[PDB]
Every structure is written in structure tokens, then in C-alpha cells.
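Chain residues, written in single-letter form:
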Amino acid sequence: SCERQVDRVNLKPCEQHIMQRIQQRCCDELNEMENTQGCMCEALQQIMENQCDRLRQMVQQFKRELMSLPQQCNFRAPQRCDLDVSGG
Amino acid sequence: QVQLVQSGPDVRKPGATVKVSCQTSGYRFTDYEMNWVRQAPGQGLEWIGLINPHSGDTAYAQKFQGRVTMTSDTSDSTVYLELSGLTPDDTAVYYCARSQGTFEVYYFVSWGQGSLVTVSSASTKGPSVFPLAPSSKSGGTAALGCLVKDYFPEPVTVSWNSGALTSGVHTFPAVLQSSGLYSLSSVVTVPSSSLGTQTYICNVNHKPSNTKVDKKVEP
Amino acid sequence: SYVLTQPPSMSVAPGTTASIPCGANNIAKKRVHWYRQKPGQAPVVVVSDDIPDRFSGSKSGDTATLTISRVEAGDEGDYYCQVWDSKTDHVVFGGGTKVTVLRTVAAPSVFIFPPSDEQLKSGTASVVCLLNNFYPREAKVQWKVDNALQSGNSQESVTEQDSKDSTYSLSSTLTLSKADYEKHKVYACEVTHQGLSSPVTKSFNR
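The rules behind these values
Residues numbered from 1 in each chain as written, not as in the entry; some residues may be left out. Chains lettered and ligands numbered in written order. Heavy atoms only, no water. Helix = DSSP H or I, 4+ residues; strand = E, 2+ residues; numbered from the N terminus. Rg over C-alpha atoms; globule rule 2.2 N^0.38 Å. Buried < 20%, exposed > 50% of the residue type's maximum accessible area, 1.4 Å probe, protein only. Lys, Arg positive; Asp, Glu negative; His and termini not counted. Charge placed at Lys NZ, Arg CZ, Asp CG, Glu CD. Arc of directions from axis to C-beta. Contact = heavy atoms within 4.5 Å. Buried area = accessible area lost by both parts, 1.4 Å probe. Salt bridge = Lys/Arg side-chain N within 4 Å of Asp/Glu carboxyl O. Polar contact = N/O pair within 3.5 Å; in protein donor to acceptor, adjacent residues only side chain to side chain. Nonpolar A, V, L, I, M, F, W, Y, C, P; charged D, E, K, R; others polar. Pairing = 2+ DSSP bridges. Disulfide = S-S within 2.5 Å. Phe/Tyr/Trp six-rings, centres within 6.5 Å; stacked < 30°, edge-to-face > 60°. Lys NZ or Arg CZ within 6 Å of the ring centre and 35° of its normal. Core = buried A, V, L, I, M, F, W, Y, C linked by side-chain atoms within 4.5 Å. Domains from an automatic or database assignment.

(A) Structural context of the overall build of chain C. Within chain C, the secondary structure is distributed over two helices and 17 strands. Computed over the C-alpha atoms, the radius of gyration of chain C is 23 Å, more than 25% above the 17 Å expected from 2.2 N^0.38 for a compact globule of 206 residues. Dimensions of chain C, computed from C-alpha atoms along their principal axes, come out at roughly 70 × 35 × 30 Å. Residues counted as buried form 46% of the 206 residues belonging to chain C. Treating the 21 positive side-chain charges of chain C as one cloud and the 21 negative ones as another, the clouds have centres 2 Å apart.

(B) Helix α4 (residues 40-50) of chain A, seen in detail. Residues and elements named next belong to chain A. Among the residues of α4, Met40, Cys41, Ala43, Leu44, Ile47 and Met48 are the ones counted as buried. Looking straight down α4, one finds that the buried residues subtend no more than 170° of arc, so they occupy a single side. A positive backbone phi angle near 55° is found at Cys52, which sits one or two residues after α4.

(C) Fine view of the interface of chain A and chain B. With twelve residues of chain A at the interface, the matching set in chain B holds 15 residues. Approximately 1,200 Å² of surface area, both sides summed, lies buried where chain A meets chain B, with 49% of it carried by carbon and sulfur atoms. A per-residue breakdown of the area chain A buries against chain B is headed by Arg76, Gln79 and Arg80 of chain A, which together make up 59% of the total. In this assembly, chain A and chain B are joined by two salt bridges. Across the salt bridge formed by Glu33 of chain B and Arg80 of chain A, the nearest N and O atoms sit 3.1 Å from each other. Across the chain A-chain B interface, the total number found is eleven residue pairs in polar contact. Considering only residue class, the side of chain A that touches chain B consists of six nonpolar, three polar and three charged.

(D) Geometry of the sheet that holds strand β19 (residues 211-213) of chain B. Residue and element names in this part refer to chain B. Taken in spatial order, the three strands line up as β14-β18-β19 in an open sheet, and their pairing is antiparallel. Here the strands that pair on one side only, and so sit at the sheet edges, are β14 (157-158) and β19. Where β14 and strand β18 (residues 204-206) come together, two bridges link them in antiparallel fashion. Counterpart to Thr157 in the pairing with β18 is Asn205.

(E) Layout of the state of the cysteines. In this structure the tally under the stated criterion is seven disulfides over all chains. Between the sulfur atoms of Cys22 of chain B and its disulfide mate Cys96 of chain B the distance is 2.0 Å. For the disulfide bridge between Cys22 of chain B and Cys96 of chain B, the dihedral angle about the S-S bond is near 65°, and by the sign convention the bridge is right-handed. Note that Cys22 of chain B is positioned in strand β3 (residues 18-25) and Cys96 of chain B in strand β9 (residues 92-100), a separation of 74 residues in sequence. Taken as a pair, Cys22 of chain B and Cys96 of chain B share a single burial class, namely buried. In chain B, the bonded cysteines, numbered by position in the sequence, are linked as 1-2, 3-4. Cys189 of chain C provides the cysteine sulfur closest to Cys129 of chain C, a residue in no disulfide bond, and the two sulfurs are 3.4 Å apart. Residue classification places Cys129 of chain C among the buried positions, given a relative accessible area of 1%.

(F) Representation of the packing of aromatic side chains in the model. Scanning the entire structure with this criterion turns up 15 aromatic pairs over all chains. By way of ring pairs, the aromatic residues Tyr95, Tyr106, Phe108 and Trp111 of chain B together with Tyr35 and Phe93 of chain C are connected into one cluster. The residue whose ring lies beneath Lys30 of chain C is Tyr2 of chain C, and the NZ or CZ to ring-centre distance is 4.6 Å. A cation sits over an aromatic face here: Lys202 of chain C above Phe111 of chain C, 5.5 Å from the ring centre.

(G) Seen up close, the nonpolar core. Core analysis: the biggest nonpolar cluster contains 43 residues, and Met34, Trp36, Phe108 and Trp111 of chain B together with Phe93 of chain C have the highest contact counts within it. For this core, the element with the most residues is β9 of chain B, which contributes six residues. If sequence neighbours within four positions are ignored, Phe93 of chain C has contacts with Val37, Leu45, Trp47, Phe108 and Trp111 of chain B together with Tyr35, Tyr80, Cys81 and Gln82 of chain C. Residues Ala18, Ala24, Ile68 and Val92 of chain C belong to the second largest nonpolar core, which totals 24 residues.

(H) Fine view of the pattern of salt bridges. All names here are of chain B. Counting across every chain of the model gives 21 salt bridges over all chains. A salt bridge links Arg67 to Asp90, with the nearest nitrogen and oxygen atoms 3.1 Å apart. With a gap of 23 residues between them, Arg67 in the loop between β6 (58-60) and β7 (68-73) and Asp90 in the loop between β8 (78-83) and β9 connect regions that are remote in the sequence. With a relative accessible area of 2%, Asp90 lands in the buried category. Connected through shared salt-bridge partners, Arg38, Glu46, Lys63, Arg67 and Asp90 make up one network.

(I) Local environment of the domain arrangement of chain B. All names here are of chain B. What the domain assignment reports for chain B is domain 1 (3-119) and domain 2 (128-213). One C-alpha centre belongs to domain 1, the other to domain 2, and the line joining them spans 32 Å. Across the boundary between the two partners, domain 1 contributes four residues, which contact five residues of domain 2. Of the roughly 390 Å² buried at the junction of domain 1 and domain 2 (both faces included), carbon and sulfur atoms supply 90%. Summed over the shared surface of domain 1 and domain 2, the result is zero salt bridges.

(J) Here's a closer look at the pairing of strand β12 (residues 140-145) of chain C. Residue and element names in this part refer to chain C. What you see with β12 is a clean split: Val141, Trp143 and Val145 sit on the buried side and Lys140, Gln142 and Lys144 on the side with no burial. As defined by bridge partners, β12 adjoins strand β16 (residues 187-192) across six bridges and the pair is classed as antiparallel. Looking at the pairing, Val141 lines up with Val191 of β16. Here three bridges tie β12 to strand β13 (residues 148-150), and the two strands are oriented antiparallel to one another. Bridge pairing in β13 links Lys144 to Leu149. The turn linking β12 back onto β13 is made up of two residues, and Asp146 within it adopts a positive phi angle of 55°.

This is how it looks when you write it as C-alpha cells:
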């Protein structure tokens with residue numbers, strides 16, 4: 001499942017990209033496993049959950065770069081994905 | 001040119017299973033998710049479910065869970081809808097829509113032509129075409145038309161002169177007769193000098209029962 | 001069960017601005033897209049959430065409104081608002097909103113068609129009366145054979161507003177057998193409309 005394989009992959013190199021643009025290590029970890037443009041919504045959601053959860057004008061900048069993360073890793077961005085959960 | 005082509009109208013008995021196809025071309029298949037939307041003859045749009053050709057994941061509506069199955073074939077770039085246990089309320093035109101969006105944005109940009117599946121236990125009956133001859137002359141313009149009567153089920157297409165005559169055409173909605181058979185009339189207004197023009201043809205088409213009739217109208 | 005509520009119908013004067021509400025709980029947080037569906041055709045998107053046109057979307061607060069600047073005759077049809085729910089991974093469509101463009105009164109162009117001789121060979125005979133371009137939609141058709149009013153043997157259907165003329169058309173068919181049609185050879189159809197001072201009747205004797 002998407003939530004089963006999201007634990008195996010170490011997304012920490014991808015979380016390191018915050019403020020770097022505001023390397024290939026993130027895409028190297030992103031390929032595994034069975035991420036044929038699937039479960040990328042869970043992976044992208046996990047990055048938002050780990051760093052700067054919820055909505056500061058800098059998480060918004062981080063949101064734009066996260067959406068472009070699949071493009072630089074030779075992947076298509078998720079079609080159905082909700083990065084922000086207000087919870088109220 | 002994103003093109004979505006669907007199957008023709010289908011007539012299935014109540015409690016049976018219907019399969020609707022949606023051919024896709026002009027865009028990269030398995031790159032955009034596709035959705036199915038049904039519309040009752042007089043009601044609004046109703047969303048059925050979702051399919052992702054790249055992954056095979058299917059997202060269905062809560063109402064349709066357990067009765068709908070969606071399959072995708074990347075060899076011919078097609079998306080199929082399969083509704084099991086047909087009830088009389090299921091008679092509707094079924095649309096396939098291509099979805100263009102990323103993350104929160106999700107909308108349909110290339111709707112399909114639609115497939116009018118009719119769930120009924122009755123037998124399909126072909127139409128009969130009777131010309132409506134015009135008169136010579138108030139008497140503004142010169143109206144004429146065709147009359148298709150005693151046909152079932154609903155889907156019937158009427159065109160004039162193989163699409164050459166599209167101005168002033170009025171294909172009235174079908175009305176239910178006492179016998180239980182649909183019947184509609186299509187009319188067109190043309191200039192009184194009908195001698196100069198060549199001919200006017202009914203060009204009716206009833207896909208069920210394979211009834212294709214081309215009838216001319218003359219005084 | 002995310003419900004999107006839309007007005008059942010709307011009438012807008014030509015040349016004015018139209019506003020079609022779409023109300024859900026906290027719809028501003030969601031993405032709202034509007035589709036326009038002409039009768040007998042697949043719906044077409046008019047505005048989407050990422051050249052200027054008359055159609056635009058605001059999406060402020062609990063309700064999202066679609067604005068059509070300078071309403072013209074071609075803007076008639078059904079408009080649908082749709083969003084993608086995240087809490088249930090569901091695509092939901094709003095109710096149909098039939099938009100009708102207001103028009104001046106137009107007198108019907110009455111036409112009467114005798115039964116075809118090909119149909120006369122069969123057992124049934126059909127007499128059709130056509131009203132070409134009239135506004136408003138409200139119109140009553142009375143079928144008279146010889147001089148007695150016929151009831152229960154005629155049914156009528158009315159088309160939607162024309163894209164160009166913003167007008168309606170009505171056709172009333174008179175179904176009779178071949179022993180009724182041969183008798184009472186004076187066939188007349190009389191109609192009354194708000195654009196006509198007196199009822200207009202047309203007839204054929206054959």
C-alpha cells in the first residue's frame with residue numbers, strides 16, 4: 001500500500017530541500033518503491049506533514065516547490081492531492 | 001485535438017449488466033485520469049466514478065459502490081464503465097470526461113459524446129417516417145418537416161440534407177404516445193422559392209433496430 | 001455527502017450581468033469550476049481554476065458565484081458548478097440552473113400540415129401544426145375538426161430557447177385513424193398567444 005511503503009523510503013533528503021531554493025539524492029530515494037507516479041501524493045503529503053505542518057507565507061513558498069518536485073525527478077505531479085488540511 | 005468517442009445507445013433488460021466504452025485520442029493516455037458522469041433525461045449531472053489508466057486505481061461514488069466496475073486498456077487507449085444490476089432508474093445518457101488538473105485543481109476539459117443506455121424489458125421498435133409537405137404562398141417563409149412515429153427507445157437523430165441545412169431546423173423533443181412508443185417531428189423553415197433548391201431529406205437514424213431512413217419532402 | 005446547492009432556474013435580461021450562486025459549506029477553500037451544457041450536447045467548461053471572456057468566477061465565502069458579463073442570446077442553457085471534495089475523494093456536481101434570456105413578445109408563425117398520402121395507406125393519419133418562433137413559452141393549442149373541439153388525441157412538445165432568436169417552438173400532432181380522418185374532412189387548428197390580439201386559425205379541406 002501507499003502508506004506501507006512510505007515508511008520504508010527515507011524522505012529526509014527531500015525534506016532537506018527546504019530553503020535550498022528559497023540534489024539527486026531525493027529522486028534516488030523517491031523511485032522506490034512502486035512509485036510509478038503513484039503513492040507520490042502520500043510522499044508529497046508526508047513532506048508537508050514533517051516540515052511546517054498546516055498553514056506563515058513561507059510554507060506557501062514550500063508548497064510551490066513541492067509541486068515541482070516530481071518534475072525535476074522525471075515524474076508527473078499527482079492529479080488528486082490535498083497538501084493542506086485546515087482541520088477546522 | 002483531444003477526442004473522446006463513446007459506444008452507441010444500448011438497450012438492456014432490468015437487472016442486467018451494461019458496458020459503456022470511451023475511446024480516447026489526441027492526448028497522451030495514462031497521463032490524465034478519466035471520470036464517468038451520467039445525466040438522467042430531465043435531471044442534472046451525476047458523477048459515477050473515477051479511473052487512472054497509469055495505475056489502474058478506481059475511485060467510485062458512495063452511491064455506486066458495489067455496482068460499477070471501471071477498466072482501462074492502454075493498448076487501445078480506452079476506458080470502460082460497467083454497471084451491474086440495472087434498475088429502471090438507471091436509464092440515462094452516460095458521459096466520459098477527461099480530467100485535467102494537478103493537486104487541488106480537478107476539472108473536465110474534454111467531455112465525451114455520451115451513451116444513452118435504456119434499461120427496459122420491452123422490445124425495440126423501429127420508426128416510421130411520413131413527410132410533411134409544404135404549402136405555397138401571412139404565410140411567412142415556407143416551413144416543412146418530417147414525422148417519425150412509433151419508435152422505441154428514445155435515441156433518434158434527425159439531420160437535414162446530411163447536415164447542409166442547419167438554419168431554421170427544429171427537432172422537437174420526443175413525446176410519449178398512448179401506445180407507449182415515442183414519436184417526434186423535425187421541421188425546418190426555408191425560403192418560399194423551393195424550386196431553386198435541389199431537395200430536402202429527412203435523414204433519420206435510429207441506432208437501435210438499425211433503422212436508417214432518408215425521405216424527401218415534396219408538395 | 002458533500003452537497004452543492006444551485007438555484008433551479010434564472011431569468012436574465014439581455015445585455016445585463018448574471019450571477020449564478022453555488023453554495024456549499026466552506027466552498028471558498030475548495031476549487032470551483034463552472035460548466036455550461038446546451039440541450040442535447042455534452043457540457044462545456046466556461047471557467048476553471050487555473051484571454052478574458054464574459055464568464056468569470058469569484059469564489060468568496062460560503063457561496064461561489066459565476067458572472068456572465070453582457071448577457072446575450074447565446075448564453076442560454078444549463079450551468080453546473082463542480083468541485084472535488086478532499087474529505088471523501090468525491091467529485092460532486094451542483095443542481096441544474098436553467099438560464100433563460102428575456103425577449104420581447106413574438107407572434108407564432110402558425111403552419112398546418114395535412115397527413116401524407118404515404119401515411120394514408122396505413123391505418124393512422126397524423127395532422128401536425130407548427131408554431132415557429134414565439135415568445136413567451138406559454139401558448140395553448142386547440143384542435144377543431146369540422147367545428148367540434150378535439151380533446152385527448154393531441155400531444156405537444158416545445159423546444160428550448162433558440163441560441164440566436166431566444167424564441168420557442170411548439171408542434172401539436174393530431175393522431176387519428178383512417179375512419180376518423182376520412183370523415184370530418186374540414187381540419188382546422190386554432191392557437192392563442194400573448195403576441196396575438198386574436199386567435200389565428202389555419203385549415204385545409206382535403
